[PDB]
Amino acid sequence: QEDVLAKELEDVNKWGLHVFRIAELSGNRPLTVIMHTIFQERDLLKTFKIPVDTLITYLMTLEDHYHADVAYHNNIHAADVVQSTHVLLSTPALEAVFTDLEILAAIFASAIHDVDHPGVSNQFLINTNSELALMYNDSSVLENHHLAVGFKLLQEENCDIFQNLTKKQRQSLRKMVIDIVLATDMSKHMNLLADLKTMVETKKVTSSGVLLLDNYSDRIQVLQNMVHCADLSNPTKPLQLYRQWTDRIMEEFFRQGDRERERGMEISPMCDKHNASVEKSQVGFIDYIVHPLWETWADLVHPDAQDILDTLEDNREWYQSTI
């Protein structure tokens, strides 16, 4: 049974990994085994002198702090965004662009980017005068919390996976990780995409055809959009994967709408299980958000992402056909 899991983990470099199968085969540890597999694959334990027992201890604690009873924003989502970022990092247009530390920051940020998510939106937390929104002054409420939890767990017993980085390395990693996870706030998507478009239009490549990034502002912006694309990568995945992600977000949204009903609040878009249009909402989300984003990413790394974009377009056609 560990033979089969090891077999499935040979796909870790491929888009459309069977992440739900890996979650089952690993005893509901997809985030630990996928992260561990990726750190080995990239030689990160050697490079940053990470004790393997420390890595496993932190990963299992981090994975524990995802809510097993949240339908979408759980440890499987975290594992999938981690793995999708890992693939995006390997794209030919980006070869040798990012340091080992920046690669570690992007992968770590993906792993923690939704930890302790309660299954309700920032807006719900603001409108219900939650303790989280009160702590964070209504501003990137969840994303600040994911960061705070993800860093705090490094301080538990035998959990500091960055114990052997230099002070300058830790300081630089911490800042990049914060910059990246804060960029997953969906209210920042339009400004983030507007900036990605500007970069594509003024794109510079090196003598080898690889993307040329002169400065932190450009490097972090690329990693911010990279993790944001991985976060919004479900509709680009093979359809059997995508449909299960849609089932899960809809279950999670419906539970929030029930709570909104239970309080006499207006029910949020897509949260009313009595007046739902699942297919129309996926087509809408692709047309106004996901495809504009992925088409701009595809341009930045052209033609590396052509197959991903073709799948997205087919999946949109399929959902559209069911209306």
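Position 1 is the first residue in the sequence shown; the rest follow in order. Take the two forms, find the largest set of C-alpha atoms that superpose within 1.5 Å, and that set is the rigid core.
For the pair 207 to 215 and 178 to 186, rigid core superposition yields a higher RMS C-alpha distance in 8 other deposited structures of this protein in 207 to 215. For the pair 245 to 253 and 88 to 96, the mean B factor over Cα atoms is greater in 88 to 96. The mean Cα B-factor in the deposited entry runs higher for 263 to 271 than for the other of 281 to 289 and 263 to 271. Highest C-alpha temperature factor among 175, 73, 145, 197, as the PDB entry reports it: 197. The residue among 276, 31, 55, 38 whose C-alpha carries the highest B-factor in the deposited model is 276.
Per the deposited record, the Cα B-factor of residue 217 falls in the highest third when ranked against the other modelled residues of its chain. Residue 168: CA B factor lies in the highest third for its chain, per the PDB record. Compared with the other modelled residues of the chain, the Cα B-factor recorded for residue 205 ranks in the highest third. For residue 19, the recorded CA B-factor ranks within the lowest third of the chain. Only modelled residues enter the ranking.
When the modelled residues of the chain are ordered by C-alpha B-factor, residue 308 sits in the middle third.
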